[PDB]
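Chains as they are written, first to last, in full-length UniProt numbering: chain A, 4 to 73, 79 to 258, 263 to 288; chain B, 2 to 70, 86 to 288.
Worksheet: one structure, shown below.
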Ligand SMILES: Nc1ncnc2c1ncn2[C@@H]1O[C@H](CSSCc2cccc([N+](=O)[O-])c2)[C@@H](O)[C@H]1O
Ligand SMILES: Nc1ncnc2c1ncn2[C@@H]1O[C@H](CSSCc2cccc([N+](=O)[O-])c2)[C@@H](O)[C@H]1O
């Protein structure tokens, strides 16, 4: 497969991107991987820009809607995605087919640890097995020096660090802070599914979290009650969970995580919390 | 700084990071890294794996010795001209206990997975780890554990691992008995009866010109002629351990208990 530096090169075949990545590493370029499900927004572009700033980097952005972590409802805009990558000066997009990634269906897979059964995994007990299986595959195909994930999906980031540690993967996991709208709303491809009213109410998630982070000088109870009060004051926000955990998602430094529904649209957000 | 490596000597590393660093450094110097996973207690069967790895031009041979949850073994490797032994502790391999693991496909529940339903999840997890630590160009496994070999091929294909899996033919005693450290536990009567596994398989392989049923019936007759041999299974499958096709290549696998000693063997079969 051909590779043209300073241009966007799109490969669909795992063998092609593997070959190009290997070649590029051999010539001294450091391979950065940004796994995505497409429908790219500024949150994804922050990942790309973090990748870019690593000197000598070549940036691979994968776009794959992984059926195993689910599907028909997921936003798909491939045209726009590659345009954005071109604008960002990304040199490699990897856009594999389902058949190329899963020629044998679900055969060997990744079994995450107990964290996958909790929070996002509570009602979706196979979700993270899906995510970790695909991320492992992407990591083996691309063999990046570093792989970039958003903090917005904090439990996912934690589990990917677990995958990496547990399987001795020779990749550094880089967590990138959540990119937010002007009012604080965490950027998400799911935000498009909010009407004007729901969009207005949705600010309560980030407002609750930031209120909690500042309340936290008064202790964990204060922080949680501050967040709960903001969410309770929000018209038509239905809370699935609001949980304060250790940073590894098992007191002093923690992470406060929220998941809520606005209509049918389920939103997530989380924030660093320092107690005292 | 990259850990010390002395060419032509047995270099022993216990730290995963150390062997990772040396393997990476060596491959950059134009060596091809060969991995031979073992559980120690080495015999000629394991040496055959080592010798296969050694004959690859440019090879550096990494033999791991690890029991999934010594000086004699090292002497044998030294004598084989192996340059790297990797001897990690359980704590070094599992610093966070069992957390993320590999879930094999359904083949792992069959055959050997009958009595041991989680056995292969353990093997694939540790093999995946060793692969990621050492990043070998090729990894060597004996055909004696054929189902394990097939499952490792599935692991490598399924997770897109960039390693060649090399199956090495089973090394046998003079009478055909597959070499295994367990053979030592057999008393004379049991050791004599144990020959029936290999004899049954080789009979089947030659009977196979007359078809699959002839091959199975020949093997069963041989096993039926042996006292104190409790057959756990005797199965003819295709080479990937799916159902046997009407003709073509297959594999015949047997497992049996002699007292408390469980023995396995298997053989290539060509049907008709
Ligand atoms: N507002 C935001 N700010 C920062 N990062 C954000 C973000 N919104 C999303 N992201 C970040 O953009 C990425 C979204 S997809 S990457 C995870 C994944 C899961 C399953 C399958 C596959 N896959 O097939 O490659 C990949 C996440 O890293 C998210 O945390
Ligand atoms: N007679 C024989 N002939 C050829 N190969 C033989 C053999 N006897 C044994 N072997 C071969 O010697 C190797 C034995 S150990 S490698 C598999 C394993 C299992 C569990 C845990 C771990 N682990 O913690 O790294 C590794 C196999 O490749 C076997 O097929």
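All residues carry an ideal CB built from backbone N, CA and C; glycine is no exception.
Chain A within 7 Å of residue i, Cβ atoms only
i: residue 120 of chain B; result: yes
i: residue 263 of chain B; result: no
i: residue 160 of chain B; result: no
i: residue 28 of chain B; result: no
i: residue 103 of chain B; result: no
i: residue 55 of chain B; result: no
i: residue 106 of chain B; result: no
i: residue 48 of chain B; result: no
i: residue 239 of chain B; result: no
i: residue 257 of chain B; result: no
i: residue 149 of chain B; result: yes
i: residue 171 of chain B; result: yes
Contacting residues, own chain, Cβ-Cβ under 6 Å from residue i (five flanking each side not counted)
i: residue 212 of chain A; result: 238, 239, 242, 245
i: residue 225 of chain A; result: none
i: residue 49 of chain A; result: 184, 187
Burial state of residue i (16 or more Cβ within 10 Å)
i: residue 65 of chain B; result: buried
i: residue 79 of chain A; result: exposed
i: residue 136 of chain B; result: buried
i: residue 171 of chain A; result: buried
i: residue 196 of chain B; result: buried
i: residue 229 of chain A; result: exposed
i: residue 130 of chain B; result: exposed
i: residue 81 of chain A; result: exposed
i: residue 94 of chain A; result: exposed
i: residue 99 of chain A; result: buried
i: residue 36 of chain B; result: buried
i: residue 70 of chain B; result: exposed
i: residue 151 of chain B; result: buried
i: residue 288 of chain A; result: exposed
i: residue 176 of chain B; result: buried
i: residue 73 of chain A; result: exposed
i: residue 191 of chain A; result: exposed
i: residue 105 of chain A; result: exposed
i: residue 117 of chain B; result: buried
i: residue 30 of chain B; result: exposed
Heavy atom of ligand 1 within 6 Å of residue i beta-carbon
i: residue 158 of chain A; result: yes
i: residue 194 of chain A; result: yes
i: residue 170 of chain A; result: no
i: residue 161 of chain A; result: yes
i: residue 135 of chain A; result: no
i: residue 116 of chain B; result: no
i: residue 40 of chain A; result: yes
i: residue 266 of chain A; result: no
i: residue 282 of chain A; result: no
i: residue 72 of chain A; result: yes
i: residue 98 of chain A; result: no
i: residue 34 of chain A; result: no
Cβ of residue i within 7 Å of any chain B Cβ
i: residue 33 of chain A; result: no
i: residue 175 of chain A; result: yes
i: residue 267 of chain A; result: no
i: residue 144 of chain A; result: yes
i: residue 117 of chain A; result: yes
i: residue 164 of chain A; result: no
i: residue 36 of chain A; result: no
i: residue 66 of chain A; result: no
Nonlocal neighbours in the same chain, by C-beta distance under 7 Å from residue i, ignoring five residues either side
i: residue 254 of chain A; result: 266
i: residue 124 of chain A; result: 136, 137, 167
i: residue 13 of chain A; result: 90, 101, 103
i: residue 22 of chain B; result: 3, 4
Close Cβ partners of residue i (< 8 Å) along its chain, the five nearest in sequence each way excluded
i: residue 127 of chain B; result: 163, 249, 251, 257, 269, 271
i: residue 233 of chain A; result: 223
Residue i beta carbon near ligand 2 (any heavy atom closer than 6 Å)
i: residue 113 of chain B; result: no
i: residue 181 of chain B; result: no
i: residue 47 of chain B; result: yes
i: residue 67 of chain B; result: yes
i: residue 20 of chain B; result: no
i: residue 30 of chain A; result: no
i: residue 139 of chain B; result: yes
i: residue 142 of chain B; result: yes
i: residue 186 of chain B; result: yes
Is the stretch 154-164 of chain B touching the stretch 49-65 of chain B, taking contact as three or more C-beta pairs under 8 Å?
Yes, since at least three Cβ pairs between the stretch 154-164 of chain B and the stretch 49-65 of chain B fall closer than 8 Å, the two stretches touch.
Measuring CB atoms only, is the stretch 196-210 of chain B touching the stretch 141-152 of chain A, in the sense that at least three cross pairs come out at less than 8 Å?
Pairwise C-beta distances place the stretch 196-210 of chain B out of contact with the stretch 141-152 of chain A, as fewer than three of them are shorter than 8 Å.
Three or more beta-carbon pairs under 8 Å between the stretch 108-124 of chain A and the stretch 28-47 of chain A, yes or no?
Result no; under three Cβ-Cβ pairs closer than 8 Å.
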